[PDB]
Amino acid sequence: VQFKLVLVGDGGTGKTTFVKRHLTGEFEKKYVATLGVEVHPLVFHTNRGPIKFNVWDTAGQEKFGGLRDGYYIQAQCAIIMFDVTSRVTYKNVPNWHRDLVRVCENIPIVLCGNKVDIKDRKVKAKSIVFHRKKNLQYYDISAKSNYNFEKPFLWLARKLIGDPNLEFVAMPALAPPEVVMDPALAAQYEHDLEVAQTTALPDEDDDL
């Protein structure tokens, strides 16, 4: 039960950061432009069973676009991303949507305005209307604060499985093993732990 999901939008809007947050839980602060596409499997556990997304995270920068719309072939859903702090990225949403629906004529699509954690918002909520005539779902999101970060996948799962009452459920938690530490390298995790002890945790000014 797997579905191909293509993720498109201007460079720097947070597509790869959003996926990585869902993949590993991390928040990547650095901007390393995606080269063409990166494919990652992503599984959610639902009350209707597991759903697997094959996430095709495409490049937004034209100079790194690779196969461009070739990535959209046989997609079953999509996320269009823009950055509420960059008006140009919302102005390009109709261009990404055009190229996407020319290949994928009848798929569920979520429009996501990312980076709502930033105080100086530029794309006002009242002006976000492109989704209405195009039957896209819309969410404000923040990959940094996790605001609404699950809602695009929850909505897509509901449309793809065909069950509006689908919800995410807690994955079962097997009993963890009882392993004693290794005395052959016990004198070594002094080093790997000292390094970790003296490397400051990021974002110490956050509520958590």
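Numbers follow the displayed sequence, beginning with 1.
- Among other deposited entries of this protein with both flanking residues present, at least a third omit coordinates for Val179.
- If you average the C-alpha B-factors over 168 to 176 and over 39 to 47, the higher value belongs to 168 to 176.
- According to the PDB record, 101 to 109 carries the higher mean C-alpha B-factor of the two stretches 134 to 142 and 101 to 109.
- Per the deposited coordinates, the residue with the largest Cα temperature factor out of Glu26, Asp57, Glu150, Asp163 is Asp163.
- Residue-level temperature factors show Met181 in the highest third of its chain, judged at the C-alpha atom.
- Among the modelled residues of its chain, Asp117 has a C-alpha B-factor that falls in the middle third, as given in the PDB entry.
- When all modelled residues of the chain are sorted by CA temperature factor, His191 is found within the highest third.
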